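**Q** Structure provided below as C-alpha cells; questions to follow.
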Amino acid sequence: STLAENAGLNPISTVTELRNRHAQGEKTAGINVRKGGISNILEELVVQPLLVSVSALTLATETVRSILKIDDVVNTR
Amino acid sequence: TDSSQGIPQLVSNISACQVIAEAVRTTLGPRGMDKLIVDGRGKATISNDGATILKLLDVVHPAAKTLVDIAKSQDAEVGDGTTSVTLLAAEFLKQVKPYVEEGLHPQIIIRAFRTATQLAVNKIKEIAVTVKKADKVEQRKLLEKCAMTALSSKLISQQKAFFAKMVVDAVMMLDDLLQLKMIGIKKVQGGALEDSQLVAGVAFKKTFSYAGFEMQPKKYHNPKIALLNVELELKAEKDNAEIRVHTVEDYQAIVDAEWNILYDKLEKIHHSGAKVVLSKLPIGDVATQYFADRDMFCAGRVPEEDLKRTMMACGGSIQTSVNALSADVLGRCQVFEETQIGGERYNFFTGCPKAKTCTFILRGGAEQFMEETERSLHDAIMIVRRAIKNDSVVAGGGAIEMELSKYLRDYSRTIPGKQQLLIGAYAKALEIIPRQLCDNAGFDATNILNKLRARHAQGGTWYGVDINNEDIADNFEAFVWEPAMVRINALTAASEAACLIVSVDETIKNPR
Amino acid sequence: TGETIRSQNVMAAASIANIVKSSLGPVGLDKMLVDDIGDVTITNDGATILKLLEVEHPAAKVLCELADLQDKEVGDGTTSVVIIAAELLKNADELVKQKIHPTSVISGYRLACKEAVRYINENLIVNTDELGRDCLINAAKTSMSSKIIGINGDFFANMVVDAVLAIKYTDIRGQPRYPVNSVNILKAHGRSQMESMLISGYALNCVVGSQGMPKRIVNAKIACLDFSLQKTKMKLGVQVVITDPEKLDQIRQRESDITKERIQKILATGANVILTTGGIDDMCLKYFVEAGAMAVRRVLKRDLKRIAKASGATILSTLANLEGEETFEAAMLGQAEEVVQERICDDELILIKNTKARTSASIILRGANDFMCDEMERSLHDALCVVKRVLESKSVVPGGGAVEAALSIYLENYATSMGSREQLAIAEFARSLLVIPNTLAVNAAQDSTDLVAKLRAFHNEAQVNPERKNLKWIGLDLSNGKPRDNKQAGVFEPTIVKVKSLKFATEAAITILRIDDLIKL
Ligand SMILES: Nc1ncnc2c1ncn2[C@@H]1O[C@H](COP(=O)(O)OP(=O)(O)O)[C@@H](O)[C@H]1O
C-alpha cells in the first residue's frame, strides 16, 4: 500500500487487484516503479535474499514481545 | 456601518451567490443525495429535487433573490434546467472574480460574453440533427425503437415496459400540450394476480361495506352519477326534533312530517335521471337500507381528486344547489362495474363520452414496491413525450460541452484584443457538467476528463461518459438523447443572469 | 505540517523574487542598499543586488547558491531564472492542492522542457553575415545610444563596421579569434565634427619637451629599451654597495663607451631609432646625432606592454637588469617596416606603417563632449562580443521575447495531443512562459494585455499556416508599443545561454518541489 501510494496510483484498488491475482493464479506479478504499472518480475533483474525478510520478521516479533511483556509501573531513583 | 461601491460590492455579491450555489450541488445526477427539510411546525420532509429545495428556502439577499426568481421562471416556462443554470452562473462568477480586482472595467466583457453566446448558439443550431418520419419504413419500427429507448434507461422487466408503452401510447388523442400535467397519474395500493393492468375511466379506493350491500346491481346499462354536495347520513337528516314529550304519537307525527319532505326531495332529485349517488360523507346504517328498498345506489367517503376526475371524464357540471335542479347539469356514464380483488373492492367507470384519463393499476402485492420504483416510469414517459413532441434532438450527456469548449478555445486564437482571455475563461468555465456527473457517482473525474479531452481533440463525435461500466462510450449508441431547444434557452438564461449580476455596481438603502 | 511548510517556502520564494522584478532590461529604476551602518549604495544591476543581500531561508539560500553557480559560468541571464522558478512554484502549488502527486507534475515539466529544447534546437540560423553584418546600417544603430547626434550616424556605423570587419585575428588554430578591442583613442577639442579620417598603425604618446629630432629620411625598423641610463641613482638597477665619490662623474662616459659597440651593431642591417623612456641625458643624443642613431622619449609602461604584446618582440628573454653587456639577438629588436612621423592633427606622432601580426586603426575623435569616448566604445564592445560569440557557435535566435509564445503554443498542442496523466503539467509549463514580455511591457509604461495578445495572434498565424520559418517572427519594441520585426534590425542572442538558464530553472524548481518537510527529524 505504501509503495502504491508513493508511486502515484490508487492503493486500495491495487491491493485488491493483487489479492485477487494471488487468490486466482497464485504467483502472478507485483508493483512496478519504472514503467508505472503491474508487470511480471521475471523480466526485471531484481532479487533479494531470504534472510533480509526472515531475520527482520523475527527481530520485529521479538521486539513486539519484549515491549508487550514489559508493563506494571516504571519506578525511578 | 461600513459600505463601498464597485469592486467590494461585486465581491460581496459573488460571495453571497456562492453560498446558494454550494447549498444545492449534489442533487444533479439521477442518483443524487436526499435532503431533509423541517420548519418550525414539527414535520420534516425528505426531497431530492432542486426545484423543491429552492422553493422551500428564502434568502435575504438581492442577488440570490433575483437568481432564484430567474430559476423559478425558467423551471415554470420550460420544466428542465434549474440547477445547471445556477452552476453555470456560479462558475462564470468564479472565473470572472480574478479578472475584476486587477483594474478592469466590466463594461467590456458583456460584449465578449454576448458574442460567445451567439457563436455557441449558432454552432448548436448548425450541428443539431433532427429526424421525424423520414426513414425506418412504416411507423411500427419507429414506435418499436421508441419503446426500446424508453426501456433502455432503466433495466426493468419486459412486461412492465410493454405496459408502460401501452399506457403512454393509448393516451395520445386530444392532448396537444407539451407536458403530462393534464391527465396525470395515480398510484394505487394492494395486490392482484397480474403485475399491471390498464383501463379507461375513473378509479376508486377502498369502500366501507355494510349489511345488505349486494342488493344493488353490479352492472348498469346507462348510469348517471348524481353530482350533489349534500349527503344522506344520520347526522344530516333527523327523526326527532324540538317537540313536546308526552307519548309516542308525537314521535310518529314528527317523523312522518319529516319523511314527507324527505321523500319529496328525493323523488325530485331522482326524477331528473340521476341514480348513482356519490356522497362525500360516509353512509350510515339505515340509509343503505332505504336506498336498497328503492332499487337505487348509495356510496360514501370519496376524495376530491376522484370527484374531479369523474367530472373531467364524464363531463359533469358544478352544482351549487340541493333542490330545484334540472336534467342538464348531470353526468352520463355507460358501464359501471364493481370487481373485488384480494382484500378490497375496486370500481370501474368504463364508457365515458370524453376519453381523457386512464387508470394504470400497478399492484404486485407488497407494501414497499408501491412507493419505490416510481421515478423510473416518470422519467421514461417524460423521455417519450419529449421525443414525440419535440423534433430537434442531440446526443445527451457530456458530449456537447467539450466540443463547444474546444471550438471556443480554437476560435479565441484569432483575435488580437483583450477578449482573448475572456473567451478562454468562458470556454474553461463550460466544463462543469461531466466533472460533477463523475463526482456524484463516486468516481475519479481526473481519470476521465483527460481521456475525454484526448478523444475530442481530433474526433468530434458523440463520445460522452458512462456510469455502470465506468468508461467512455458513444452516447449516440447508448439510446440517450436530449432536445436541442432546452440547452439554448438554459444558456441564454444563464448569460442574462450573469449580465444582470455583473451590471449591478452598488445598492441604495432607505430607512424611512 | 506537510502542505504548510511548502506554502511557506513558496511564499518566501515569491517574496524574494518580487524584488528584482522592477529592474529587468535597460529601462529600470535604481535600488538603494544600506549596510546597517550609515553608508548607502545606489545600483540598478540584478547581479549586484543578488550578491549584496542578506538571506536567512534554506530555500532562498539554495536558490542564491544555484544562481551564483549559474552566473559563475554564464555571463548574462541570472535574473529571469528566479522569476521563472517562482512562477513554476506558484503554478504547481495549485496542482498539488488539487490532489496531484508531485512526481506526475515533475515528469510533465521534464517532458515539456525536453520538447521545448528539441523544438528550439531545430530553429537556428546557418549564415553568420547578412550583406555585411546585417547590412551594416542596422547592427550598429541599435547598439549605440544616440541622444545628442543621430543625423550623421551612417558614417559612424560605416566606420565601426569597417574597423570590426577589416581586421581579424587567429591564434587558437581552430576558429577565428576576436579582432582588436583595446584600440587607441585620441580625444580632440575644437575640430570639424562633419569630417573624419581612418589611418593604419596606432601611435604612442605625444613627445612634449624633447622634439629636437630632424626627421627627414624614412627609416626601416626600430628597437625598444625598458630601463634608462643615468649618472646617479633614480630607478632600479643601480648598485648600493659600491661607494665611489669620484666615479660618478665618469660613469656616463664609461656607459656610453660600453654601449657604443651595441649601437654600432644595431645600426647595421636596418635599425636606427631606439625607444628609451624618461631618465636619459641630452649629451648622449647630441653625441649620437652625428651618426644617425636617435631616441624617442615619453615612453610609459602601457606603451611598452602594448609593443611587447603586439609585435611579440619581448625584452625579458635577454635583458632583465641594468647590465647592458648581454647577447645580441633578434628578440629585443622591433622588426617593423616603416616608422615615419607625419603631420596629423597639427602634431608629430610615431606612425608605424605595415605592422606585423596585428594592424590596428587610429580612431581619432572630434571636438565635442568628453562623453564621446563612452558612446562608440560600448557599441564596439557589443559588436566584438557578438562576432566572438556567434562565430564558433552558430546557435542563435532572433528577437528577445518573441519565442516564448510559439513555445507555449507548441507545448499546449503537445499536451492536447498526449492525453495522459501528465497533461495539465505541460499546460501549466506553457502558461508560465509569458512573464518576460509582460514585464518588459510593464517596465516600458505600456499596456501588456494588448501587447501579449497581439504577439500571440501574430505568432499563431505562423504555426497555423506553414509558409516559412525565417520571417513572420515579429516581437516587441522599446521605443513605442508597436510590433516590430526583429530580423532586419533586431539583436540576436546566444541560444546556449537561454538553454542553460531554462535547464537551471527547471532543476531548481524540481529541487524545491522535491523538498517535503523542514522539521528537525
Ligand atoms: N532593443 C531591445 N528590444 C527588446 N528587448 C530588449 C532590447 N534590449 C534588451 N532587451 C531585453 O532586456 C533584457 C535584459 O536582461 P538582463 O538585465 O541582461 O538579464 P540579466 O540581468 O539576468 O543578465 C533581455 O532579456 C532582453 O530581452
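In the C-alpha cells, chains take the letters A, B, ... in the order shown, each chain's residues start at 1, and ligands count up from 1 in the order shown.
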Please extract the residues at most 9 Å from ligand 1, counting only C-alpha atoms and all ligand atoms, and provide them as a PyMOL selection string, using the chain letters and residue numbers of this document.

**A** chain C and resi 23-27+45-47+71+75-81+142-143+399-401+436-437+440+475-479+486+490-491+493

**Q** Atoms to include: C-alpha atoms. Write the selected residues as a short mmCIF file (atom, residue, chain, number, x, y, z; two decimals), in the first residue's frame.

**A**
```cif
data_model
loop_
_atom_site.label_atom_id
_atom_site.label_comp_id
_atom_site.auth_asym_id
_atom_site.auth_seq_id
_atom_site.Cartn_x
_atom_site.Cartn_y
_atom_site.Cartn_z
CA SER C 23 14.85 46.04 -12.73
CA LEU C 24 14.82 43.90 -15.90
CA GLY C 25 16.05 45.45 -19.13
CA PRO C 26 17.91 48.69 -19.86
CA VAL C 27 14.94 50.82 -18.73
CA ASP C 45 22.01 45.77 -11.50
CA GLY C 46 20.35 42.46 -10.69
CA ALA C 47 23.64 40.65 -10.05
CA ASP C 71 26.47 33.14 -13.08
CA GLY C 75 27.63 35.76 -18.48
CA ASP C 76 24.06 37.09 -18.55
CA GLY C 77 20.69 35.55 -17.74
CA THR C 78 20.75 35.41 -13.94
CA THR C 79 17.56 37.41 -13.22
CA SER C 80 14.76 35.79 -15.24
CA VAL C 81 15.55 32.34 -13.80
CA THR C 142 20.52 49.69 -32.09
CA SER C 143 23.76 49.02 -30.17
CA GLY C 399 14.32 38.66 -31.01
CA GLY C 400 14.14 38.56 -27.24
CA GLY C 401 10.56 37.87 -26.21
CA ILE C 436 9.11 38.19 -19.68
CA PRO C 437 7.14 40.07 -22.39
CA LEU C 440 9.05 44.23 -20.48
CA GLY C 475 8.38 40.86 -31.43
CA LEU C 476 8.20 43.81 -29.05
CA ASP C 477 9.79 47.26 -29.30
CA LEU C 478 11.42 49.61 -26.80
CA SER C 479 10.71 52.97 -28.47
CA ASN C 486 13.30 41.58 -35.05
CA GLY C 490 16.99 43.24 -34.22
CA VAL C 491 19.76 42.00 -31.94
CA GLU C 493 21.09 36.42 -28.54
#
```

**Q** Could the residues of chain C within 8 Å of chain B, counting only C-alpha atoms, be given as a PyMOL selection string, please?

**A** chain C and resi 416-421+423+449-450+453-454+456-457+460

**Q** Output N, CA, C and O atoms of each residue in that selection to a file, as a PDB file, in the first residue's frame.

**A**
```pdb
ATOM      1  N   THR C 416      -2.329  18.661 -25.505  1.00  0.00           N
ATOM      2  CA  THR C 416      -3.637  18.275 -26.021  1.00  0.00           C
ATOM      3  C   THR C 416      -3.568  16.977 -26.814  1.00  0.00           C
ATOM      4  O   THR C 416      -4.513  16.179 -26.777  1.00  0.00           O
ATOM      5  N   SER C 417      -2.468  16.746 -27.532  1.00  0.00           N
ATOM      6  CA  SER C 417      -2.317  15.521 -28.307  1.00  0.00           C
ATOM      7  C   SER C 417      -1.915  14.328 -27.451  1.00  0.00           C
ATOM      8  O   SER C 417      -2.152  13.184 -27.858  1.00  0.00           O
ATOM      9  N   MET C 418      -1.314  14.561 -26.285  1.00  0.00           N
ATOM     10  CA  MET C 418      -0.903  13.473 -25.407  1.00  0.00           C
ATOM     11  C   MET C 418      -2.115  12.778 -24.799  1.00  0.00           C
ATOM     12  O   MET C 418      -2.454  11.655 -25.187  1.00  0.00           O
ATOM     13  N   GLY C 419      -2.771  13.436 -23.847  1.00  0.00           N
ATOM     14  CA  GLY C 419      -3.938  12.858 -23.212  1.00  0.00           C
ATOM     15  C   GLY C 419      -3.636  11.824 -22.152  1.00  0.00           C
ATOM     16  O   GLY C 419      -4.401  10.867 -21.995  1.00  0.00           O
ATOM     17  N   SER C 420      -2.538  11.985 -21.416  1.00  0.00           N
ATOM     18  CA  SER C 420      -2.146  11.066 -20.364  1.00  0.00           C
ATOM     19  C   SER C 420      -2.298  11.750 -19.003  1.00  0.00           C
ATOM     20  O   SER C 420      -3.010  12.756 -18.874  1.00  0.00           O
ATOM     21  N   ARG C 421      -1.624  11.204 -17.987  1.00  0.00           N
ATOM     22  CA  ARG C 421      -1.700  11.792 -16.654  1.00  0.00           C
ATOM     23  C   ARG C 421      -0.895  13.082 -16.562  1.00  0.00           C
ATOM     24  O   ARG C 421      -1.218  13.953 -15.747  1.00  0.00           O
ATOM     25  N   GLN C 423      -0.765  15.752 -18.401  1.00  0.00           N
ATOM     26  CA  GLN C 423      -1.381  16.662 -19.359  1.00  0.00           C
ATOM     27  C   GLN C 423      -1.469  18.090 -18.835  1.00  0.00           C
ATOM     28  O   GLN C 423      -1.148  19.037 -19.560  1.00  0.00           O
ATOM     29  N   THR C 449      -1.490  43.753 -21.639  1.00  0.00           N
ATOM     30  CA  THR C 449      -2.610  42.888 -22.001  1.00  0.00           C
ATOM     31  C   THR C 449      -2.853  42.896 -23.505  1.00  0.00           C
ATOM     32  O   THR C 449      -3.141  41.852 -24.100  1.00  0.00           O
ATOM     33  N   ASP C 450      -2.737  44.065 -24.137  1.00  0.00           N
ATOM     34  CA  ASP C 450      -2.923  44.145 -25.581  1.00  0.00           C
ATOM     35  C   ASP C 450      -1.677  43.687 -26.331  1.00  0.00           C
ATOM     36  O   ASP C 450      -1.784  43.053 -27.387  1.00  0.00           O
ATOM     37  N   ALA C 453      -1.401  39.871 -26.296  1.00  0.00           N
ATOM     38  CA  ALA C 453      -2.460  39.327 -27.140  1.00  0.00           C
ATOM     39  C   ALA C 453      -2.123  39.481 -28.618  1.00  0.00           C
ATOM     40  O   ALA C 453      -2.299  38.542 -29.403  1.00  0.00           O
ATOM     41  N   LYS C 454      -1.629  40.658 -29.015  1.00  0.00           N
ATOM     42  CA  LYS C 454      -1.252  40.867 -30.409  1.00  0.00           C
ATOM     43  C   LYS C 454      -0.076  39.980 -30.802  1.00  0.00           C
ATOM     44  O   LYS C 454      -0.043  39.441 -31.913  1.00  0.00           O
ATOM     45  N   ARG C 456       0.674  37.020 -29.525  1.00  0.00           N
ATOM     46  CA  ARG C 456       0.174  35.656 -29.665  1.00  0.00           C
ATOM     47  C   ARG C 456      -0.641  35.495 -30.943  1.00  0.00           C
ATOM     48  O   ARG C 456      -0.542  34.466 -31.623  1.00  0.00           O
ATOM     49  N   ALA C 457      -1.447  36.503 -31.290  1.00  0.00           N
ATOM     50  CA  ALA C 457      -2.239  36.426 -32.512  1.00  0.00           C
ATOM     51  C   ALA C 457      -1.351  36.427 -33.750  1.00  0.00           C
ATOM     52  O   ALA C 457      -1.663  35.764 -34.746  1.00  0.00           O
ATOM     53  N   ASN C 460       0.459  32.877 -33.838  1.00  0.00           N
ATOM     54  CA  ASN C 460      -0.392  31.742 -34.173  1.00  0.00           C
ATOM     55  C   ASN C 460      -0.553  31.582 -35.679  1.00  0.00           C
ATOM     56  O   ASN C 460      -0.753  30.462 -36.164  1.00  0.00           O
TER      57      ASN C 460
END
```

**Q** Only residues of chain C matter here; which ones have an atom within 10 Å of chain A, counting only C-alpha atoms? Give them as number ranges by chain.

**A** C: 100-104

**Q** How would you write, as number ranges by chain, the set of residues in range 73-278 of chain C that DSSP gives as alpha helix (DSSP H)?

**A** C: 73, 80-97, 102-120, 153-165, 251-267

**Q** What is the distance, in Å and to one decimal place, between CA of residue 392 in chain B and CA of residue 145 in chain B?

**A**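 Atom-to-atom, CA of residue 392 in chain B to CA of residue 145 in chain B, that is 17.0 Å.
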
**Q** Give me, as a ChimeraX atom specification, all polymer residues having an atom no more than 12 Å from residue 253 in chain B, counting only C-alpha atoms and skipping those fewer than 3 positions away in the same chain.

**A** /B:239-241,243-244,247-250,256-260

**Q** Within 9 Å of range 201-214 of chain C, counting only C-alpha atoms, which residues show up once you throw out same-chain ones fewer than 6 positions away? Write them as an MDAnalysis selection string, please.

**A** chainID C and resid 183:184 289 294:300 303 347:355 359:363
